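Asker: Each residue of the sequence shown is one higher than the last, beginning at 1 in the deposited numbering.
Ideal Cβ placement from N, Cα and C applies to all residues, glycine included.
Structure below; questions to follow.
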Amino acid sequence: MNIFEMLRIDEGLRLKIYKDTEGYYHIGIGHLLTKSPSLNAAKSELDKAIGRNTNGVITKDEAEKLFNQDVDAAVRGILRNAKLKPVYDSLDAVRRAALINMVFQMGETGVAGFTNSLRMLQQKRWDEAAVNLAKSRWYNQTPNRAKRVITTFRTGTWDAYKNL
Ligand SMILES: [Cl-]
Ligand SMILES: [Cl-]
Ligand SMILES: [Cl-]
Ligand SMILES: [Cl-]
Ligand SMILES: [Cl-]
Ligand code: NA
Ligand code: NA
Ligand code: NA
């Protein structure tokens with residue numbers, strides 16, 4: 001298991017434009033196209049992202065290219081952020097993946113807003129952090145995914161992603 005496989009489980013893979021669980025246009029492995037309700041706006045975004053005039057459908061290699069960029073961007077979001085970088089630095093590589101997962105789903109600014117959660121993670125108070133992380137819009141709206149990420153923080157193991 002690693003961050004790529006983890007996010008492939010949590011996000012799925014679709015080769016045509018789809019709406020994610022927020023109702024926003026996406027493609028591939030959880031690649032956000034736009035928060036606009038306009039499908040045409042989403043398709044322009046897609047063409048811009050791929051570099052060609054698509055028909056709203058990409059190949060698996062193209063989806064994996066965007067995914068590889070998006071994972072890279074979630075780390076960039078963490079390492080450039082004064083709140084996220086010290087927590088990441090402090091974590092083992094398995095818990096690092098859980099933090100990348102959150103930033104992939106919610107973005108840098110949103111995960112930086114988990115001030116109290118981040119403090120408990122930096123303190124290595126894993127059960128307390130897990131309780132605090134669940135008191136969120138994130139957990140209520142995507143509970144099974146948040147439970148997997150939270151178990152990863154709580155235990156420092158991949159147990160929530162094995163059998164899947
Ligand atoms: Cl992009
Ligand atoms: Cl940086
Ligand atoms: Cl910052
Ligand atoms: Cl709490
Ligand atoms: Cl879920
Ligand atoms: Na998905
Ligand atoms: Na629409
Ligand atoms: Na995403």
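(1) Leaving out five residues before and five after residue 183 in sequence, what residues of the same chain have Cβ atoms less than 8 Å from its Cβ?
(2) With H, G and I counted as helix, E and B as strand and the rest as coil, what does DSSP make of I27?
(3) Can you tell me the Cα-Cα spacing of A130 and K147, whole angstroms?
(4) Give a single yes or no on whether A82 has its beta carbon closer than 7 Å to a heavy atom of ligand 3.
(5) Would you say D20 touches ligand 6, meaning its beta carbon is less than 7 Å from a heavy atom?
(6) Is the region 72 to 89 in contact with the region 37 to 57, if contact means three or more CB pairs nearer than 8 Å?
(7) Along the beta strand (DSSP E) that carries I17, what are the first and last residues, could you check?
(8) What are the partner residues of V57, as DSSP defines its beta bridges?
(9) Quick one: any contact between the region 28 to 45 and the region 130 to 139, if contact means 3 or more CB pairs under 8 Å?
(10) For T34, which three-state DSSP category applies?
(11) At a cut-off of 7 Å, would you count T142 as near ligand 5, judging by its Cβ distance to the nearest heavy atom?
(12) From which residue to which residue does the alpha helix (DSSP H) around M102 run?
(13) Alpha carbon to alpha carbon, what distance is there between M102 and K19?
(14) Using the Cβ count rule (16 or more neighbours within 10 Å means buried), how would you classify residue 237?
(15) Using CA atoms only, rank isn't needed, just tell me which of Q122, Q123, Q105, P143 is closest to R8.
Answerer: Reading from the atomic positions:
(1) Residue numbering for the chain in the displayed model covers 1 to 164; residue 183 lies beyond these limits and cannot be assessed.
(2) strand
(3) 9 Å
(4) yes
(5) yes
(6) no
(7) 14 to 19
(8) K16
(9) no
(10) strand
(11) yes
(12) 93 to 106
(13) 19 Å
(14) For residue 237 there is no data in the structure shown, the boundaries of the chain being 1 and 164.
(15) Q105
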